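A short write-up of the structure that comes next.
There are 2 protein chains.
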Amino acid sequence: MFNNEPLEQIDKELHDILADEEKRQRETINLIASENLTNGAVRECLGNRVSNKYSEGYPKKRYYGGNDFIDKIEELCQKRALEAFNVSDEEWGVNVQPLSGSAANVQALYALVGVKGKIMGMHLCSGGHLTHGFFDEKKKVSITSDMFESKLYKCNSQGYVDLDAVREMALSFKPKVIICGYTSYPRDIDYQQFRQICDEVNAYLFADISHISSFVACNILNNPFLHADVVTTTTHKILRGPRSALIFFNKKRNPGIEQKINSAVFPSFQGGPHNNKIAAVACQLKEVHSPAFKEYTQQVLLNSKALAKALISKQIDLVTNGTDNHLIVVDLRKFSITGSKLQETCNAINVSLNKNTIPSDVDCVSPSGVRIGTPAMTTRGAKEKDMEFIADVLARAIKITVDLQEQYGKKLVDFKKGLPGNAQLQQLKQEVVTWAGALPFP
Amino acid sequence: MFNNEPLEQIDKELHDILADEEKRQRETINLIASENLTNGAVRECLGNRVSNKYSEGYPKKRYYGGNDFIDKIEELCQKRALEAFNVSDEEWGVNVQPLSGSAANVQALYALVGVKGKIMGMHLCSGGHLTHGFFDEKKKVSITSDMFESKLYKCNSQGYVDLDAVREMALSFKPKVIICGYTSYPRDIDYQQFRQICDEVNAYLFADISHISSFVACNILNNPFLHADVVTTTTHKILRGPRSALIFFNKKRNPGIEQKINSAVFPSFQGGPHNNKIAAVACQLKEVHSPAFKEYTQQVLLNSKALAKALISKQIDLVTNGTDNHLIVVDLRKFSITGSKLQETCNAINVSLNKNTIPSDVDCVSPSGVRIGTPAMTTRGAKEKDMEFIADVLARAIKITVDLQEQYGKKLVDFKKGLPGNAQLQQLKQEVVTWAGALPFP
Ligand SMILES: Cc1[nH]nc2c1[C@]1(C(C#N)=C(N)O2)c2cc(-c3ccncc3)cc(F)c2CC1(C)C
Ligand SMILES: Cc1[nH]nc2c1[C@]1(C(C#N)=C(N)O2)c2cc(-c3ccncc3)cc(F)c2CC1(C)C
Ligand SMILES: Cc1ncc(COP(=O)(O)O)c(CNCC(=O)O)c1O
Ligand SMILES: Cc1ncc(COP(=O)(O)O)c(CNCC(=O)O)c1O
Ligand SMILES: [Cl-]
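Chains A and B are the protein sequences, given in the same order. The first sequence begins at 872 in my numbering and counts up by one. The second sequence begins at 872 in my numbering and counts up by one.
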C-alpha cells in the first residue's frame, strides 16, 4: 500500500527542476571554496534504505534492537575516519553522528565547557565561522555567542593570524577553549603556537579543519592532531563526501572526554542518527585513504597555486599575497567595486564564487573581496593550465563590472539593471558554458 | 578526476552490509511506532546532486547566487507543506530547513524563549520527548533542560494527560512555552484546554505532532493548528518521508515570529541546508495531499484499533485500555516480565518493537511495557485481518519470555543465555520470516 512509480512520473513538477539544477552544475565554473561533487557511490548510499532505521545511542549500546548491520556500518565509518587522519584508536576517538558542521561545533563546544562557558575563535570578518562565537553589537547572531560567552580575535592588516593578539586576549579573557581552523583563511595554521597559549591559561585547543580536511589527512599541510584536544571537520567540502560531520577528541590528553562528547551529540542535542549519511561517509573515507585521492588533493593545491600566481600576473591583489591551500581571497579595492557586485556579475556568466570580507573592512555589509577555491573544478578534471583561463574569465568579469558600475552607478539596485541585456556577459557566459559543460562530471 | 565505479565495485565491504540490512528489513515484522518505509522516489531525491549546493539563508535572500533552482525547490516544499496541513500561507509560515526533529524543537524553543527561557513539557517516562525538557536528578540529559529552564508534567495512573496538573504546575512555574504532542502517547490530545491554560498564564502553546502528523493532515484527529502558536513535526515517521523536520508558526497570533524562528534555524543553529532532504520532503508532501494517502492513514488507524482489540482478546493489558492513533503500549506487569526482556525475545524472532515505561514505573531502568505501532506494516500492505497474527505472535513471545525467565532467571545477563537455539523461537522466527518476507516492500 504505497506508490512505487519512478520520480519522473510521481512528481514531474519536481523532476524538471532537479534536471535543471543538474544542468546548471554541469554548466558552471564553480569556485565556491566549500563545494564539491560527490560520486555515484556516495549518492547510492544517501538513497539507501538504511535511513529507515532508528538507531538512537551508539554501537553495541542502542536503545532498540535490530541494529546489527547498522552497528557494522557505524563502526566501519569510525575506524576509517581514524585511519584516514592517521590516529591510533587507542589515543583518539571519533563521533560520526553530527548531521552537519554547525551542529558538530555547537555540540563539541558544549561538551568541553557547557552553558555560560567561555570561548575564543576568529571573528567572522577575519575568516572564522559563525559557530566560532560570532556576534555583533545588535544581536548574538550564532548560538555560539549566546549559549556561551564568546570573545573574538582578528587577523592583522595583511590577513594573517596575529598570535600576539591571541595571547593578549587569552590571558585577560581566560577562556576554556580556543578555536582555530577557518572558513576563509588562505594560509596554513601554527597549531603548535596555539597549544602554547592554551597550555598557559588552562584552555582546550579546538581545530576546525573542514576547509582543509584532505590536506590534513594527506600530510600536505600541518597536522592539528599532534596538538589539539578536539578536531571537528565537515565531510562535504574538500573531502568530497556527503553533508555530515566528524568530531575527534584526544583521549590521552583528556581522560573522560569520550563520554562528554558522545553524550553531547546524543541525547543532549540530536535524536536518531541518519544512517544513510553514516554509510555515505564510510564510502568516501575508503576513497580518502587511497593513493588516487592523495593525487587529487595534491592537484587541488597545484591548481590553487597556479590560480593565485595567474591572478597576480594580471595585477589582481590577493589577501596575504597568496595561498597555502585550496583557497584565495581577492582584494578588489584597487578597482573600486564591491565583492557583492562581482558575485552578481559572476553569477550572470555561470561563475559561482562568493563575497568575502578583507582586513580593512570594518562591517560585514559591503565586503571588499571574493573567495575562490579549486576543489570543485579540480574534481571536474581541470589542471594547472586551465587556471589561466579561470583567471582570464575573472579578470574579464572584474572589468565588465567596472564598465557597468560607471554606466549604471554604484548602487546595487541600479547595477543589476545593467546585467541583463549586456552583450559581453552573454558572450562570456557562452565561453564558460562550453568549457565547463564538457568537463568530466560525476 | 573522480572514481565513478558503482557502489558494489568501489566498496564491496559496505555494499554487503547494506544488502543484509535490506534483507533484515524485508524479513521483519516492524512494530517500531516511529518507523516507516520510503518509496523509491523519496530515495532518488535523497541521492540527488542537489546536496552539492551551498544555499545558506532563505529563498530570495541567499548569501550566494546560483540558487534559482534550489529556491524553487525550497518554495515548492513550503507551499506543499502548508496545503497538506490545511493552513493558509497568509496565516501560517513553515521553515523546512531543520535537519531532524530534535534540531527543529531546540531551534523553535530558542526562538520563543531564548537562553534561560522557561518551558513545560511531558516527562519522558509519561510519553514525551527528550527535547521537551527532559532531565534526571543525576544530569540535565537534554540541552532543552540546560539551555532552557524546564519543568515536567506527568500522566495519571491510567496513562492520560492530566490537565488539572498542567494548570497547577503552569500557574506556579509561569513558563513562556508549554509543549504537547508526544513520542509514546496512545491517545488524542485536547489542544483547546492547552490553549486555555496557555492564554491564562500568557505562555506560548507548542504542539509537536511528529508521531501523529498524518492524522492531523487528513483531519482524522484533532487539529492543533486551530490553537497552537508553533507546530513541529518530523517528516520520517507516519508521514512516510525522509529524515527531516518542519517548523510551523502562526503569524496572525504572533506578529514578528516569522523572523524569530527563521533566524533560529539559521544562523543561530544551522549553516547550509540539506537540499536533497528538502527535495525529498517536497516529493512526499505531494503524496500526503492525495486521497490514496488518506486511504493509507485511515488504514493505519483501522489496523491499530484491530491490533488493540486482538491483544485484549488474549487478555493482554494496554495503557489507557486502547488507542486513538497508530500506537499501543502493552503493560506487561501481569506476566512479570520486563519490556527489555520482551524486546530481546522479539528481536530473536525478527519482531522489532521497543521497551517503554508505564505510569506505575518510577524510573526508566527496567520499563514495564513495550510500544508498538502500525505504520510500517500498514505500508507493507497488512490489513485488519493480519493483526490477529501479529497479536498471536506477540502473545507466543510473551509466553516464551516467561518460560525463559523461569528456566534461566530474572537477570538480563542470565536471561539472554536462553535465547540462542531455543526450538520455539527458531519455530517462531521461521513463521515471522515467511510472512514478512512475502509482503510488498517499497
Ligand atoms: C554565512 C557564513 N557562515 N560562516 C561564514 C559565512 C561567511 C564568512 C565570511 N566572510 C565566513 N567567514 O564564514 C559570510 C557571513 C556573512 C554575514 C554577515 C553578517 N552577518 C551574518 C553573516 C556574509 C558573507 F558574505 C559571508 C561569506 C561567508 C558565507 C563565507
Ligand atoms: C531515546 C528516546 N528519545 N525520546 C524518547 C525516548 C524513549 C522514550 C520512552 N519511554 C520516550 N518517551 O521518548 C526512551 C528513553 C530512554 C532514556 C532513559 C534515560 N536516559 C536517556 C534515555 C530509554 C528508553 F527505553 C526509551 C524508549 C524511547 C526510545 C521511546
Ligand atoms: C570552518 C567551517 N566550519 C563549519 C561549517 C559548517 O558547515 P555546515 O554548513 O555543514 O553547518 C563551515 C561552512 N561554511 C560555509 C562556507 O564556507 O562556504 C565552515 O567553513
Ligand atoms: C515527539 C517527538 N519529537 C521529536 C523526535 C525527534 O526526531 P529525531 O530523531 O529526528 O531527532 C521524536 C522521535 N523519537 C523516537 C521514537 O519515538 O521512536 C519524537 O517522538
Ligand atoms: Cl541526507
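All C-beta atoms, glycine included, are put in the ideal place defined by N, C-alpha and C.
Contact residues of the region 993-1020 of chain B toward chain A are 1001, 1012, 1013, 1014, 1017, 1018 (C-beta to C-beta distance below 7 Å). Here DSSP, grouped into helix, strand and coil, assigns residue 1184 of chain B to helix. Of all residues in the region 1249-1274 of chain B, only 1249, 1250, 1251, 1252 place a beta-carbon less than 8 Å from a beta-carbon of chain A. For residue 1204 of chain A, there is no enclosing alpha helix (DSSP H), as DSSP marks it with neither H nor E. DSSP places residue 1079 of chain A in the strand class (E or B) of the three-state scheme.
When beta bridges are read from the DSSP output, residue 1189 of chain A appears opposite A/1201. Boundaries for residue 984 of chain B: no beta strand (DSSP E) harbours it, while the alpha helix (DSSP H) harbouring it runs 972-984, taken from the DSSP string.
Just measuring C-alpha positions, the residue of A/982, A/1009, A/1207 sitting nearest residue 1047 of chain A is A/982.
Closer than 9 Å to the CB of residue 1223 of chain B there is at least one CB belonging to chain A.
Nearest CB-CB separation between residue 930 of chain B and chain A: not below the 9 Å threshold. Of all alpha-carbon atoms in B/1189, B/1058, B/1147, the one lying nearest the alpha-carbon of residue 893 of chain A is that of B/1147. Taking residue 1179 of chain A as the centre and dropping the five residues before and after it, the same chain places the C-beta of 1189, 1193, 1194, 1199 closer than 6 Å to its C-beta, in chain order. Collapsing the DSSP output to three states places residue 1053 of chain B in coil.
Within the same chain, and ignoring the five residues on either side of residue 1220 of chain A in sequence, the residues whose Cβ sits closer than 6 Å to its Cβ are 1296, 1299, 1300, 1303. Beyond the five residues adjoining it in sequence on each side, residue 1210 of chain B comes within less than 7 Å, by CB distance, of 1203, 1226, 1227, 1238, 1239, 1240, 1241 in the same chain, given in chain order.
Contact check for residue 1082 of chain B against residue 1197 of chain B passes: the beta carbons are separated by less than 9 Å.
When the five nearest sequence neighbours on each side are left out, the beta carbons in the same chain lying within less than 6 Å of the beta carbon of residue 1128 of chain A are those of 1120, in order along the chain. DSSP places residue 991 of chain A in the strand class (E or B) of the three-state scheme. DSSP, read as helix, strand or coil, puts residue 895 of chain A in helix.
Interface annotation, residue 1089 of chain B: not in contact with chain A, CB-CB separation never under 9 Å. Assignment of beta-bridge partners to residue 1026 of chain B by DSSP yields B/1032. Boundaries of the beta strand (DSSP E) around residue 1226 of chain B: 1225-1227. Boundaries of the alpha helix (DSSP H) around residue 911 of chain A: 911-917. About 4 Å separates the Cβ atoms of residue 1251 of chain B and residue 1310 of chain B, confirming a contact at the 8 Å cut-off. In this structure, DSSP gives residue 964 of chain B an extended state, which the three-state scheme calls strand. Chain A has a Cβ within less than 9 Å of the Cβ of residue 1157 of chain B. Between residue 939 of chain A and chain B, the shortest Cβ-Cβ separation is below 9 Å. A Cβ-Cβ separation of about 23 Å leaves residue 1191 of chain A out of contact with residue 1272 of chain A under the 8 Å criterion.
Residue pairing of residue 900 of chain B in beta bridges, as defined by DSSP: B/1222. Separation of the CB atoms of residue 965 of chain B and residue 1118 of chain B is rounded to 7 Å, and the pair is thereby assigned contact status at 8 Å.
Between the C-alpha atoms of residue 949 of chain B and residue 967 of chain B there is a straight-line separation of about 7 Å. Each residue's CA atom was taken as its position, placing residue 1266 of chain B and residue 1278 of chain B some 19 Å apart.
At least 9 Å separates the beta-carbon of residue 1101 of chain A from that of residue 1062 of chain A.
Each residue's CA atom was taken as its position, placing residue 883 of chain A and residue 1112 of chain B some 18 Å apart.
Nearest to residue 885 of chain B by alpha-carbon distance, out of A/1036, A/1096, A/942, is A/942. Identification of residues in the region 1139-1150 of chain A having a C-beta nearer than 8 Å to some C-beta of chain B yields 1139, 1140, 1141, 1142, 1143, 1145, 1147, 1150, given in sequence order.
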